[PDB]
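Quick note on numbering: the sequence shown equals residues 5 to 168 in PDB author numbering.
Beta carbons: idealized from backbone N, C-alpha and C, even for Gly.
This report refers to the structure that appears directly beneath it.
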Amino acid sequence: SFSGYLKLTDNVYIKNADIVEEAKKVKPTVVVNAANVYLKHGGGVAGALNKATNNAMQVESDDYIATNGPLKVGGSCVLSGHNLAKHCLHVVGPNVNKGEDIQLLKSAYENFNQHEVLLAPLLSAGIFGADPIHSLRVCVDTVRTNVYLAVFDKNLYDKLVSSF
Ligand SMILES: O=C(O)C[C@H](NC(=O)c1ncnc2[nH]ccc12)c1ccncc1
Numbered sequence: 005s006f007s008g009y010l011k012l013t014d015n016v017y018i019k020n021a022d023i024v025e026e027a028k029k030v031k032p033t034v035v036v037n038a039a040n041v042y043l044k045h046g047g048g049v050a051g052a053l054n055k056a057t058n059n060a061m062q063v064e065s066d067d068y069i070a071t072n073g074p075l076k077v078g079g080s081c082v083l084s085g086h087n088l089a090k091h092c093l094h095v096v097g098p099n100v101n102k103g104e105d106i107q108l109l110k111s112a113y114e115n116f117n118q119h120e121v122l123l124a125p126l127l128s129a130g131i132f133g134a135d136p137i138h139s140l141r142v143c144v145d146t147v148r149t150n151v152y153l154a155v156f157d158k159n160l161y162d163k164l165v166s167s168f
């Protein structure tokens, strides 16, 4: 049910799209959230996904952290996808604006290999501070399952494709 994507490799596809809009249209099995270790969904992809769930994602997430404690940078957890997807895979990429090791980006993308197909943003891009061109290269060289990347900014989408 994914439409309008450019095929980059055997298993990686890309589109200039808002991941919230894409999730509402497709209702994929798995939508990836660009999470932090506390699952505090304030801004970027996380704030936008949570707002689309009317804060139900944040209520679930606070219960998960109260039981389990914080995630690791490079780690993930599977929670409900609410009205957007069957499941949400909350993945923590390194936040360069907090000095986290960029080598943890490969560990973050490895989480995707546990799911046959996913709708995802570029990890560690945007407010997480990493170079999005580097993030796409790590995605292509790490993920083996079918990944549909939604890139919000058109200028960044055109740069990612032209330099691929
Ligand atoms: O995809 C990018 O362009 C990087 C980053 N992306 C996201 O924050 C992002 N990516 C995909 N769907 C989204 N919905 C809401 C946010 C969101 C960015 C968004 C805007 N301005 C700057 C960066």
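Straight-line gap, residue i to residue j (C-alpha atoms, nearest Å)
{"i": "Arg141", "j": "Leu126", "result": "10 angstroms"}
{"i": "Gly78", "j": "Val36", "result": "13 angstroms"}
{"i": "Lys31", "j": "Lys163", "result": "28 angstroms"}
{"i": "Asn159", "j": "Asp135", "result": "14 angstroms"}
{"i": "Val165", "j": "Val155", "result": "11 angstroms"}
{"i": "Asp145", "j": "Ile18", "result": "15 angstroms"}
{"i": "residue 169", "j": "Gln118", "result": "The question about residue 169 has no answer, for the chain in this structure spans 5 to 168."}
{"i": "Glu104", "j": "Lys55", "result": "27 angstroms"}
{"i": "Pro74", "j": "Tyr161", "result": "32 angstroms"}
{"i": "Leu43", "j": "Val147", "result": "23 angstroms"}
{"i": "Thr33", "j": "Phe116", "result": "13 angstroms"}
{"i": "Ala129", "j": "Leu123", "result": "16 angstroms"}
{"i": "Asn20", "j": "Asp157", "result": "7 angstroms"}
{"i": "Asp66", "j": "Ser80", "result": "15 angstroms"}
Nearest to residue i (by Cα), restricted to the options the options
{"i": "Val96", "options": "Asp22, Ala38, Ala21 and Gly133", "result": "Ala38"}
{"i": "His138", "options": "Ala154, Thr71 and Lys110", "result": "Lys110"}
{"i": "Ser84", "options": "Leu75, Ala129, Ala21 and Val63", "result": "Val63"}
{"i": "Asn87", "options": "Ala70, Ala129 and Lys29", "result": "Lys29"}
{"i": "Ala70", "options": "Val41, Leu153 and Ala89", "result": "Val41"}
{"i": "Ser167", "options": "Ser65, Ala60 and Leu12", "result": "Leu12"}
Cβ shell of residue i (< 6 angstroms), same chain only, five flanking positions each side left out
{"i": "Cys143", "result": "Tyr113"}
{"i": "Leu108", "result": "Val77, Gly78 and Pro98"}
Residues near residue i in its chain [Cβ-Cβ closer than 7 angstroms; skip 5 each side]
{"i": "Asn150", "result": "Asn15, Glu120 and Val121"}
{"i": "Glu25", "result": "none"}
{"i": "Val82", "result": "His91 and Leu93"}
Same chain only: Cβ atoms within 8 angstroms of residue i, ignoring 5 sequence neighbours per side
{"i": "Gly51", "result": "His45"}
{"i": "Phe132", "result": "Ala38, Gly48, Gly97, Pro98, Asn99, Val100 and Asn101"}
{"i": "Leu53", "result": "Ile23, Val24, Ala27, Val35, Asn37, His45, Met61, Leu88 and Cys92"}
Start-end ranges of the alpha helix (DSSP H) lying completely within the region 118-146, minimum 4 residues: Within the region 118-146, the complete alpha helix (DSSP H) runs of at least 4 residues are 136-146.
Give, in chain order, every unbroken run of the alpha helix (DSSP H) that is at least 4 residues long and sits entirely within the region 59-91. Segments of the alpha helix (DSSP H) lying fully in the region 59-91: 60-72.
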